[PDB]
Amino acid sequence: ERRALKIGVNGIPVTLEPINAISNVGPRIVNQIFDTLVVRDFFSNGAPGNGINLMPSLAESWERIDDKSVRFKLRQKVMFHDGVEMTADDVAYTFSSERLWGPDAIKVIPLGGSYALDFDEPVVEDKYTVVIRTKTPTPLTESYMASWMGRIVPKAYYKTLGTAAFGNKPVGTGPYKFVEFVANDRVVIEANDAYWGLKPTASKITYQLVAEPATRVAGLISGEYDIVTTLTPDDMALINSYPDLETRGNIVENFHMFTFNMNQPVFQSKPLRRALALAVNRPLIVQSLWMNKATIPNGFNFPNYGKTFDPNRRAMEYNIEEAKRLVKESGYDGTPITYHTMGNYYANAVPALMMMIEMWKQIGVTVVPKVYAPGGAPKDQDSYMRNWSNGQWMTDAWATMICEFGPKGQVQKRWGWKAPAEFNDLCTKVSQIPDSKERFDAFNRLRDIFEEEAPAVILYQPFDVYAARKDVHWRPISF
């Protein structure tokens, strides 16, 4: 009745601490180990997979008290995997200054600051009642608690171990409990039959890194894997020709990109960054490698932003006449520039890069691929161009333009983008005003600045494909 699942994955996260595991490969594991206060009903209001009504989870109920404060009434007798009962203390600690958004917390959850709402210290009213507060008004508290920032950690155990060591031996309240983590290789979790919710339906889950997609497809065909991730539309015909197997594909609320180390002199200024951006022929890449199933957004602008999505925004520019003119202006000597990619951690990363190398050769720039295996990431000083993705994890344009690219983010702080002052002032402004024409127009100005500055270059939203045995009716890979 309960089988051990073997999942062939594109990558293994560097840690299982839930915030530091935020990546394309960590949530699928940490979402089984941990729970959130509330969850999104992805099928609410007729939504075919990405709906937004919030439903109870670790919180049985919740009440917004005012524009800064939300009271959560917690489920009782919820046990962490080590037998310690979850209480309001744990929830308060999860969103505390000490763990998440204060100055010392920034050092160990480097991105806790940039991804935190403007929290004030939570208040514990009683064993099962906590109030989550913000120093300034924000309507996002409740939906943030359903996000990948909201996974609840055990205060005593986490504080004792510290963020790094906790990430190697995580304890949560989720339906599966930690067994093993071998860096760059596998994670094993096992059924938690003390789970407060529905009993787990698998006895154990092993996430095994299988770097090459063709090896993952061959492993599903041979029965070595029950489920495999991060395939492309091109793999679908072969898999679906096996009656026992099937594929599932969808546009995901994530965009692939390439970006730059702007601490490097070659990328400290926008001309050469923008030149590389304007030479990307996105429709050709989508037609060649994605069977025309990947979507090209009209800027840093996605429908899940709701009131801050602009359906009439212009397309991102393709102008090799201007790209050639900007290469000449930059004084680009012709020196080869590396583009680092961890194989096909991102689906079609290497074939899209090879097509972009040809496009960049056509505008006078020489880009050379530097393909590395998991754990072989270069030091920041050795990184120039690289690929990345951003998951659009809020129903508001604050994520990821402000999270990642704003003044508190890693693109400016770690990777050296010296953003125009109007950009950082607009980031500050949008975060202190409600949904309105002012806020909507402000995000459009930020999008315009993003395209002019090219701290990153959006490629497309991938058509993510996974595959599985038809007789495997539950798949913990987080669509």
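Quick note: we count residues from 1 along the sequence shown, nothing fancier.
As listed in the deposited structure, the average C-alpha B-factor of 159-167 and of 381-389 is greater for 381-389. Relative to one another, 43-51 and 24-32 have unequal mean CA B-factors, and 43-51 is the one with the higher figure. For the set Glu253, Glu358, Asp118, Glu121, the maximum C-alpha B-factor listed in the entry falls on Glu358. Highest CA B-factor among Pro175, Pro233, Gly83, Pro311, as stated in the entry: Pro311.
When all modelled residues of the chain are sorted by CA temperature factor, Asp396 is found within the middle third.
Among the modelled residues of its chain, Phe267 has a C-alpha B-factor that falls in the highest third according to the deposited record. For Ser114, the recorded CA B-factor ranks within the middle third of the chain. Only modelled residues enter the ranking. In the PDB entry, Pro336 places in the highest third of its chain by CA B-factor.
Annotation for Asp185: C-alpha temperature factor in the middle third relative to the rest of the modelled chain, per the entry.
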